[PDB]
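To start, the structure itself, in structure tokens.
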Amino acid sequence: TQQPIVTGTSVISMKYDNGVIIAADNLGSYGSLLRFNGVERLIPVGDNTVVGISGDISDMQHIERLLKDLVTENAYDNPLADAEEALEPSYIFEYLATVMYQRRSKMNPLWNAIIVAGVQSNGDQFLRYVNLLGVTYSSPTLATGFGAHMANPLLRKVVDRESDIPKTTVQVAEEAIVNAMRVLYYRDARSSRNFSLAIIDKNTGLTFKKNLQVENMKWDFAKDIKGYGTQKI
Amino acid sequence: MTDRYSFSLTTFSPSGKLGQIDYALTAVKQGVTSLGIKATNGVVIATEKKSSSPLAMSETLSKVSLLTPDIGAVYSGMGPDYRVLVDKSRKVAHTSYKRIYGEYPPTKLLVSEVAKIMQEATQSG
Amino acid sequence: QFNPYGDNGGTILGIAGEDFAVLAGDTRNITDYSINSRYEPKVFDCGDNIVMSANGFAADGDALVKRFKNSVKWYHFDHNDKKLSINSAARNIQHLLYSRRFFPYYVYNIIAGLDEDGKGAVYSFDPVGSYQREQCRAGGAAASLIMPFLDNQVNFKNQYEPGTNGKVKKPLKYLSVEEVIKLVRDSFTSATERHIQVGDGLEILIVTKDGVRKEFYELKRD
Amino acid sequence: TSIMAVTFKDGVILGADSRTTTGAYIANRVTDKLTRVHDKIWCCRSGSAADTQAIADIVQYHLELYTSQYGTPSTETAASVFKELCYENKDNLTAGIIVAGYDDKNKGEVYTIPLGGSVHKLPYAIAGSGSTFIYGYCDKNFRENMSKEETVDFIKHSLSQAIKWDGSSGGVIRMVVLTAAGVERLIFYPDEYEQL
Amino acid sequence: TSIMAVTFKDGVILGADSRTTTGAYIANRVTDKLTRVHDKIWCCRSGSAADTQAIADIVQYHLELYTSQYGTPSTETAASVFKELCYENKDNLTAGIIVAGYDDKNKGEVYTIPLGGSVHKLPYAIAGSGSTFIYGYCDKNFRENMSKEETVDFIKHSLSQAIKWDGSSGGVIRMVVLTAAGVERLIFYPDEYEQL
Amino acid sequence: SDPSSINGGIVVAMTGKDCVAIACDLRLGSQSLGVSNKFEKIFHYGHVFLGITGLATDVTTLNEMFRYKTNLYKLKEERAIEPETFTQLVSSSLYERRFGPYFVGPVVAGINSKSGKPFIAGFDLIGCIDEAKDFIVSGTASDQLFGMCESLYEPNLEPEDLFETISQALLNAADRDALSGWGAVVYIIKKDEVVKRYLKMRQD
Amino acid sequence: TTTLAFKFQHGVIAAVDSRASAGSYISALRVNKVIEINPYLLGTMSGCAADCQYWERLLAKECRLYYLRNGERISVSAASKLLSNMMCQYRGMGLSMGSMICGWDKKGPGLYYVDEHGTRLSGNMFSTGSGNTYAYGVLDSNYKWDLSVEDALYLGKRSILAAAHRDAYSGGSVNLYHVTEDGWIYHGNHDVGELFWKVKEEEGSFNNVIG
Amino acid sequence: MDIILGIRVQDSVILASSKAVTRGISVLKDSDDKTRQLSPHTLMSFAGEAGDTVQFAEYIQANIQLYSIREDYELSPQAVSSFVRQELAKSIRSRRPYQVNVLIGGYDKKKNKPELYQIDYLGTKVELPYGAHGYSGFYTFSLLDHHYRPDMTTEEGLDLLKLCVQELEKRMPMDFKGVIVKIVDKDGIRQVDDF
Amino acid sequence: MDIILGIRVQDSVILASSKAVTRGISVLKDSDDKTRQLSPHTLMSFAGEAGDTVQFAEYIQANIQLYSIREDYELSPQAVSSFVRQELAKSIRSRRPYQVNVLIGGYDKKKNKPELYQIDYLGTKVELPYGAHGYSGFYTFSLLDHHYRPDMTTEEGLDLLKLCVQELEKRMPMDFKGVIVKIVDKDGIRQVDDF
Amino acid sequence: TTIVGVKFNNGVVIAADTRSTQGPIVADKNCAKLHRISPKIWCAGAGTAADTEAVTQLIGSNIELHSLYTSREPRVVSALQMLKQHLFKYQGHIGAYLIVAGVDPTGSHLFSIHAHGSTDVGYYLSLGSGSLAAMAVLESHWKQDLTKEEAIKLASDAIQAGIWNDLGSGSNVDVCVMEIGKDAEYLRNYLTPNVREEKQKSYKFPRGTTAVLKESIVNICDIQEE
Ligand SMILES: O=C(C[C@H](C(=O)O)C1CCCCC1)Nc1ccc2ccc(-c3nc(-c4ccccc4)cs3)cc2n1
Ligand SMILES: [Cl-]
Ligand SMILES: [Cl-]
Ligand SMILES: [Mg+2]
Ligand SMILES: [Mg+2]
Ligand SMILES: [Mg+2]
Ligand SMILES: [Mg+2]
């Protein structure tokens, strides 16, 4: 049993017709202090998977190393490591889920909430969540922390059920994700303007975008707001 | 200070009269005429706007007053006494009825409450 | 302090027929007031004509099911591909649950299938391993809403024959699979109205001598 | 919250952020923490929004009644009324208030009233959760008798850093200028102050 | 405690105060918080003195053994050994360590390891109870590729303010310069830095 | 311990076609111990009916209180109180004890003597009104009653059909509650006739 | 829960109720609170269901192994002791189990009470659970050793009924057992609702209740 | 205190109350009468927290005696029981409630009927053919449920009461030092001196 | 359990132990023998937490019986009491101590003397002419202090014991359901079947 | 609960959902969360239901008396001030969280108020358990110079977000529009997107199914003449 120290906020994601999108800001908070501003919380595994992590950053760095070691280990005595016997998103997720549930069962959890986004061998989209309790679930949209409360409602307007996935394009899905990140910047006190976004497509592969910023923000209306009720000046 | 008049100012005289009430009725007699007529599908109340000066804006002085959405009042006698009775009548309709039953009081019960206030000014210290 | 347990909501229902059995459950997964998934399967085909659902804390439920599926696999290896009877599976599950008497699987588990005489069977478990064979059992969030309705409409409790005035009970006539599915759908539609954790979808697994069939029905998403 | 008040040559300027939080959720991102209690006596509020609003409302009432009887009150008098409420009700309040005002006789003055209900007259004051991160910057960069433009830059730069490090602070930077010329409201948006 | 480490053109400089407290009592006013784990790999310690001493001693042992087998270790390698101890024993430790070192290949590097056991490579780092008061100052005044003299002034000015506002910090300002030229120790007394 | 579940009991009310129904169990207990099988929880003030679940001392007290208030209402207004008006009186009276409440779950049922419109309403212990069209539930088996009522109920039932629906809702809900049962009563209410029926149920 | 068991001339009677509760909610109307260990041994259940089932089905394993090793049936005394020794290992760990081991052996009919503390008591009559006080009243005033099998079965049945009526956590149905030297005999499941009305009429008891 | 029982038969009400009083680990008295005569045909037994019991009982007694003198009339058992209930319901929301449970046995001279009322410290009133407070009912109600008839004689009521006390003496862990038994009928209140 | 008494007279040791066993609010048994014969001339009575008492007593019994067989010799009461004390002193610092208090009554055949040892759960041993555990001594020691002589006969010891039980029955709040009395002398151990 | 408030060109609009809960259970599927303080001043409330209604009726009663005393139409700032001072006094123990809106001779106004007594001003606000789902919509789609029709849409879309995504919110959408120079229009059940589907079976029983012991006529009439 511990408590999280340096933390990362929301991770948001959604499925679209040819793949998945996942995003997360670049902040490492130390309570109310916005301590670290250059933290990457999306970690690619090969060219078909991206693991997005929230919660304790020290535990994230530990998971990051487990995944790096998983790639090394899979290549051992494996001539098809870059082909048929390469790591799949489902393999990577089940491994993490096994680790998370084992750690909670020893009362020494990895204080995280994880989303594994990727595309399988057969082109199927993969999107599943796992957390410090070993709890797992899948949905067309997935988000952690504040993203669950604010991002999912916006992303579910695009993909409300399974049948909406083929009707959703990558431009629409990316637009929705970027809008959601702006909303979280408006309303989450532990968020930052700077973020990373990753797209895993079954045709165009893995596109990893860094140093993105929230833009097109509305603040002008603030000038007209005066006092808290009766004040006019 | 302190209100040291804790005794009645209205008392029975040897003949059984309550002087201050009789004298109050005499003040009402000197007052401007007001009337009320009940119809089958309504009631009307009326009075004269006796303006004290032509420079005065008599629209600002309301002799006929709304007590509830379905109850109105008019008077004859001393205007200031009426004004404060209307204030109390409006309030008692809320405190002793609407805040309890969620609806406005019936005419007879609001009248009963106003009457009680006027009776107490006839016996209290 | 770290709390190793959680509540993922959900509600399940098992009914045993004369020569069939059903195990139903909603597909909504939740934490507190948020929805995690509108479709997260909760009732599983475990092989050997046995269906299972571990309702409560999803992490423990997935672990138990995963372990039981594994126990079926090793039963075949160890005993010459013998079919695991429903009564044998029930007893096995008791021992899986009691292996954690002091750090329990936070789930109420139900299995369904056919007994060795071909009749419908449902077995019901508590988190620590007490189990018993039953005819009707609702488990989970809205269990208290559903079970009284099943006592009334399946076992005809408090129902008497008109004219006798309480002297003669209503006779316990057997129900068809179509009749049972109606009671299941109405149970979940009523639960969905009055319980916030119930909704989104309903998945039913029907077990007969022919095998395991699935049926899905939408529920309100509010 | 990040709030400050700074005296300069022509008077005094108050400054504040616009973030109000309930835990990590931002309940209001365009809050007005610069509150008027008299024509040229304003306050910056920190702590419980309920407590600081209730106090400032009562103070505004006291100074309105003071003015009706005795004429325009001093900034010191306003700070005393704040203090009396904050000190006598210290067990049931969580209020950190900075009082700032302009007289023609006394010119610009600043009084800070922290949690206990004590009063401290200063050349400038900083308060709120975000103030901790700018004690060093403000001490190094503050000068007496600055110009209006210099003072605006000082507050803008200071609160910019407070906002940068404090999650409880953010949004726009509001400012109120108090001089003989009158009362001027200013506002500075994220795209302006973040690039400083 | 107020500690910091800053990279510059010719290498890296570590800086620290010298105060150790037991509550409000100053148990030691001339503490040396700049600790050597290898010839040109040093650390700044904050938190439990017992924990940080025990850790730095074990790290020094690990790097001495590393050197005997594999030659001079990197600053990254030293930070990893610190991290491994701080992360795996996070339940029983209270240690906030900054690691700083000089290579000829990598030049000056700085790694900070906060309470949880995470690692963060940075151009400069600040830590300790007094660091909170200089986030604004340090962010505004730090530049990359400063000279030795500029970097010494930056640390001196920064820690001067940290000491000024933090009661848990004080005494002298110790500094350690890590370059190709060697290892230089510096010290600055109250009468020098207080008047800045 | 929990005052709202020491004595146990339930109440349910339903609307029908030109009629209403209200029913209650008869149990009173001290936690596990059954004390009385004749503790009726439904009272009437003229033509307005009131069912009360929860702490038995407060049930008894509130009945005596609403008898007090309705008797005075009648002397002054020169007419019997209506259900809509009584509902507001119950809410007002409960909220006046906002920080020292009666641990009860009241249920009003009746037909307006002028409009002929059926009326039911429920309250929390603090006075919040729930003016439902269909049904109202209260007690230790309210979850059970919600399940029965939500599935058995259909609108515009005739008095003799409504009787069967509400009786079965109560009986089967009570048989899944340890703290309810030991008898049951059902009131069937029409504009100018009221029938009261005691049900036969298991006594365990 | 209400369970009882008593020795008499013609063996031992065992009677239990059938209710299971989760707070105020009745989670089960009909649970079996007697475990058939072997054809000559029974065990009642009170406390945690899981604990009673697990440890007594495990006692059956051990009583069966005894028979294979020694070619003889285990005594009631020895079986009760094996069970009490299992409880003694998880001493303090939080188990909740109250049971009466009923059987017939060489010494005649046997009855032992065993609980989670490791307690082990021999006696002619026992009753456990939330309703045991109500059952004891009926038993103490009507019990004789000279009881016929017919009357004894009724006593244990009527005693459970008394508890099912008053105790809120007791009810559902009554399960009866009679243990002879030739083994145990099940005497059926009796709904309390139907049984109550029947007993009231035939016996004249429960005058306070209207029917 | 501990034990109080009540039974209403054909023509009388019988109250049985324990004799023990305990302070710390010592039984101070084994002949305590836990009852007060409220009026010539109304008797109240009581049990609860130390001190509160007698104070409450005597306070009720004083009020009923005051009523009797004022009106020259005896209140019905029902009227007395309602007065007592209100006082307890009033008390439960006081600063320091009176922790007292009571049984009220009375003979109504108007209706020519015995009446037994059970009231707990919360103000929970119920009219019963037989009643008890605390755990007393856990041991005795099964016997009363079985043997009780409404047409029982006073002698039969006493015999059924003896059986209840015998069961209590067998299965209760506490020694309550026997009971004082009192009968309330048309002729008034009398004590059974041999029990 | 509750009550255990011991008295050493001229030529014997007498142990008296209560018969009651209580679970929850119900007395399950009123004929329980809270004693074990360790050897032909050594008897141990016991009282403490449920379960622990019998388990401990039987464990001690097994050890002494094992010793008797191995050496074909009966250990002296003193030797047995020391063995028991050590086991309790060992137990008190264990993960879960055995919460058991004992009296050991034995007749030493070598010295031709009766001996009574009192040992509590901590391992506190004392040799006494008369002893008790728990609250028993609070009621009985004043009588024993007054009436006890070391030259008393067995019959006189029983009479003084009856007086102690009578005083307990009068002033204790708990009903302990009488006592089983056993005598330990040169001829061995026997039970007084009428007491 | 999900409640919102949105300002527009010539007025203000508020909206709310219709579910009231007691834990996981739904007590009322069609609750009315929109309250009237005065004819053109309406408030929506979240938190403790009895408290939001009680504090609203009390201030509305005192506002009515104030309006009669002053011969003026009630102002929103008056209701705001009277509410916050009442709530502040009870230090959060009255669990009323409200969105207050209306029009008066001064113009159109929109405020929020928390249980402890703090008030806020805004062009768009949201309160309740579904406030985050609603605010996500408002932050995505709100703009300056909205029309009446655009604002009603935005408001009901914000409520829907709460209905679908928040378990504490559900059923229908209520709306009230307060435009300058007009009567306020209260649109009860403006949207009805959660109607229950037809049941598979009818559970109407045969007459005589329930066992009965006694029947009796209840005398509800008064004592009769003669
Ligand atoms: O023993 C008790 C409760 C205690 C009692 O009444 O004295 C209570 C005292 C008061 C505090 C609460 C506990 N309950 C028993 C007893 C025997 C039991 C035997 C079998 C069962 C089974 N329950 C399922 C099952 C149930 C629910 C869901 C799934 C499976 C199967 S078997 C449950 C049993 N429960
Ligand atoms: Cl504010
Ligand atoms: Cl040190
Ligand atoms: Mg210092
Ligand atoms: Mg029962
Ligand atoms: Mg001792
Ligand atoms: Mg919802």
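Please note that chains go A, B, ... in the order of the structure tokens, that every chain numbers its residues from 1, and that ligands are numbered from 1 in the order shown.
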Please determine the contact residues of chain H with respect to chain I at a cut-off of 8 Å, counting only C-alpha atoms, and supply them as a PyMOL selection string. chain H and resi 22+25-28+170-176
Let me have all residues with an atom within 9 Å of ligand 6, counting only C-alpha atoms and all ligand atoms, laid out as an MDAnalysis selection string. chainID I and resid 101:103 117:126 131:133
So what do you get for CA of residue 170 (chain J) versus CA of residue 129 (chain J), distance-wise? 11.2 Å
Taking only C-alpha atoms into account, find every residue of chain G that has an atom no more than 12 Å from chain I, and write it out as an MDAnalysis selection string. chainID G and resid 4 81 84:85 87:93 98 112:137 140
Could you tell me, counting only C-alpha atoms and all ligand atoms, which protein and nucleic acid residues lie no more than 12 Å from ligand 5, written as JSON, numbers by chain? {"F": [27, 29, 31, 32, 33, 34, 35, 174, 175, 176, 177, 178, 179, 180, 181, 182, 202, 203, 204], "G": [1, 2, 17, 18, 19, 20, 21, 24, 26, 29, 130, 131, 134, 160, 161, 162, 163, 164, 165, 166, 167, 168, 169, 170, 171, 172, 173, 192, 193, 196]}
Name the residues, by chain letter and number, that sit within 9 Å of ligand 2 using only C-alpha atoms and all ligand atoms, and give them as a count of residues only. 19
Counting only C-alpha atoms, collect the residues of chain A whose closest atom lies at most 9 Å from chain E, and write them out as a list in words. residues 1, 2, 3, 4, 5, 6, 36, 39, 56, 57, 58, 59, 60, 61 and 62 of chain A
Could I get the residue neighbourhood of ligand 7 at 7 Å, counting only C-alpha atoms and all ligand atoms, as a ChimeraX atom specification? /C:222 /J:162-170
Export of prior selection with C-alpha atoms as a short mmCIF file (atom, residue, chain, number, x, y, z; two decimals), in the first residue's frame:
data_model
loop_
_atom_site.label_atom_id
_atom_site.label_comp_id
_atom_site.auth_asym_id
_atom_site.auth_seq_id
_atom_site.Cartn_x
_atom_site.Cartn_y
_atom_site.Cartn_z
CA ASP C 222 -29.98 6.57 -19.30
CA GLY J 162 -25.89 14.22 -18.41
CA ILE J 163 -28.89 11.96 -18.99
CA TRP J 164 -26.93 9.48 -21.12
CA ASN J 165 -23.52 9.60 -19.41
CA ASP J 166 -24.37 10.26 -15.72
CA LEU J 167 -26.16 7.54 -13.72
CA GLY J 168 -27.50 10.15 -11.28
CA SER J 169 -29.35 11.78 -14.18
CA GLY J 170 -32.05 10.45 -16.48
#
Return the neighbours of chain A among the residues of chain C, cut-off 9 Å, counting only C-alpha atoms, as number ranges by chain. C: 1-6, 8, 29, 34-40, 57-60, 62-63, 103
Once you count only C-alpha atoms and all ligand atoms, which residues end up within 7 Å of ligand 4, and could you hand them over as a ChimeraX atom specification? /E:163-170
Kindly export the residues of the current selection with C-alpha atoms, as a short mmCIF file (atom, residue, chain, number, x, y, z; two decimals), in the first residue's frame.
data_model
loop_
_atom_site.label_atom_id
_atom_site.label_comp_id
_atom_site.auth_asym_id
_atom_site.auth_seq_id
_atom_site.Cartn_x
_atom_site.Cartn_y
_atom_site.Cartn_z
CA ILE E 163 16.89 30.96 2.49
CA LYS E 164 15.19 34.32 3.00
CA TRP E 165 11.66 32.87 3.01
CA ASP E 166 12.20 29.30 4.24
CA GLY E 167 12.90 28.82 7.95
CA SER E 168 14.00 25.24 7.28
CA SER E 169 16.80 26.68 5.10
CA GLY E 170 19.78 28.86 5.99
#
Chain G residues within 12 Å of chain J, counting only C-alpha atoms: which ones, as a count of residues only? 3
Excluding region 192-204 of chain J and its own-chain neighbours fewer than 5 positions away, which residues fall within 6 Å of it when counting only C-alpha atoms? Please give them as a list in words.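 Within the cut-off, the hits are residues 182 of chain C; 152 of chain F; 171 and 172 of chain J.
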Once you have the residues from the selection above, write them out as a short mmCIF file (atom, residue, chain, number, x, y, z; two decimals), in the first residue's frame, restricted to N, CA, C and O atoms.
data_model
loop_
_atom_site.label_atom_id
_atom_site.label_comp_id
_atom_site.auth_asym_id
_atom_site.auth_seq_id
_atom_site.Cartn_x
_atom_site.Cartn_y
_atom_site.Cartn_z
N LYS C 182 -39.56 -14.24 -21.60
CA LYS C 182 -40.45 -13.11 -21.39
C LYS C 182 -40.31 -12.56 -19.98
O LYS C 182 -40.24 -11.35 -19.78
N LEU F 152 -45.84 -5.20 -12.29
CA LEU F 152 -47.25 -5.59 -12.19
C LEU F 152 -48.22 -4.49 -12.56
O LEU F 152 -49.33 -4.76 -13.01
N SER J 171 -34.14 10.14 -17.62
CA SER J 171 -35.51 10.39 -18.06
C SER J 171 -35.66 11.58 -19.03
O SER J 171 -35.16 11.51 -20.15
N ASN J 172 -36.32 12.65 -18.61
CA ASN J 172 -36.74 13.71 -19.53
C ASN J 172 -35.96 15.02 -19.35
O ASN J 172 -35.11 15.12 -18.47
#
How would you report the residues lying within 6 Å of ligand 1, as a list in words, if you count only C-alpha atoms and all ligand atoms?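 Those within range of ligand 1 are residues 124, 125, 126, 130, 131 and 132 of chain C; 1, 20, 27, 28, 31, 32, 33, 45, 46, 47, 48, 49, 129, 130 and 169 of chain G.
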Could you tell me, as a ChimeraX atom specification, which residues of region 8-174 of chain I DSSP assigns to alpha helix (DSSP H) when given the backbone? /I:52-71,77-92,136-147,154-171
Leaving out region 178-188 of chain I and any residue of its chain fewer than 5 positions from it, which residues lie within 6 Å of it when counting only C-alpha atoms, given as a list in words?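 After dropping sequence-adjacent residues, the list is residues 12, 13, 14, 15, 16, 17, 18, 19, 40, 41 and 107 of chain I.
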Write out the residues from the selection above, keeping C-alpha atoms, as a PDB file, in the first residue's frame.
ATOM      1  CA  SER I  12      -7.033 -34.086  50.878  1.00  0.00           C
ATOM      2  CA  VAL I  13      -7.587 -31.350  48.279  1.00  0.00           C
ATOM      3  CA  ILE I  14     -11.137 -30.396  47.274  1.00  0.00           C
ATOM      4  CA  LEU I  15     -11.913 -28.685  43.951  1.00  0.00           C
ATOM      5  CA  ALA I  16     -15.303 -27.113  43.166  1.00  0.00           C
ATOM      6  CA  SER I  17     -16.121 -25.965  39.618  1.00  0.00           C
ATOM      7  CA  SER I  18     -19.277 -24.475  38.037  1.00  0.00           C
ATOM      8  CA  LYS I  19     -21.482 -26.468  35.668  1.00  0.00           C
ATOM      9  CA  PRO I  40      -4.137 -40.892  39.449  1.00  0.00           C
ATOM     10  CA  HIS I  41      -3.399 -38.460  42.321  1.00  0.00           C
ATOM     11  CA  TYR I 107      -1.835 -35.628  46.790  1.00  0.00           C
TER      12      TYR I 107
END
One decimal, Å: what's the distance from CA of residue 87 (chain J) over to CA of residue 67 (chain J), could you say?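 Between CA of residue 87 (chain J) and CA of residue 67 (chain J) the gap is 21.7 Å.
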Distance of CA of residue 32 (chain B) from CA of residue 50 (chain B), expressed in Å to one decimal place: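 For CA of residue 50 (chain B) relative to CA of residue 32 (chain B), the distance reads 7.5 Å.
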When DSSP is applied to the backbone of this structure, which of region 16-119 of chain B are assigned strand (DSSP E or B)? Write them out as a list in words. residues 18, 34, 35, 36, 37, 38, 43, 44, 45, 46, 47, 65, 66, 67, 68, 71, 72 and 73 of chain B
Using only C-alpha atoms, which protein or nucleic acid residues come within 10 Å of residue 11 (chain B)? Drop anything in the same chain fewer than 3 positions from it, and give the result as a PDB file with C-alpha atoms, in the first residue's frame.
ATOM      1  CA  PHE B   7     -51.775  47.987  30.557  1.00  0.00           C
ATOM      2  CA  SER B   8     -54.881  48.345  28.393  1.00  0.00           C
ATOM      3  CA  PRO B  14     -69.762  52.073  33.698  1.00  0.00           C
ATOM      4  CA  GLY B  16     -70.488  48.966  29.296  1.00  0.00           C
ATOM      5  CA  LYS B  17     -69.083  50.984  26.397  1.00  0.00           C
ATOM      6  CA  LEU B  18     -65.534  50.517  25.107  1.00  0.00           C
ATOM      7  CA  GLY B  19     -64.733  54.193  24.493  1.00  0.00           C
ATOM      8  CA  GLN B  20     -61.680  53.899  22.234  1.00  0.00           C
ATOM      9  CA  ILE B  21     -63.521  51.544  19.859  1.00  0.00           C
ATOM     10  CA  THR B 122     -58.255  46.741  21.282  1.00  0.00           C
ATOM     11  CA  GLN B 123     -57.015  44.713  24.310  1.00  0.00           C
TER      12      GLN B 123
END
Using only C-alpha atoms, determine which residues lie at most 12 Å from residue 14 (chain A), disregarding the query and same-chain residues fewer than 4 positions distant; provide the list as a PyMOL selection string. chain A and resi 18-23+115-118+125-129+138-143+147-148+151-162+164-165+168-170+172-178+180+197-200
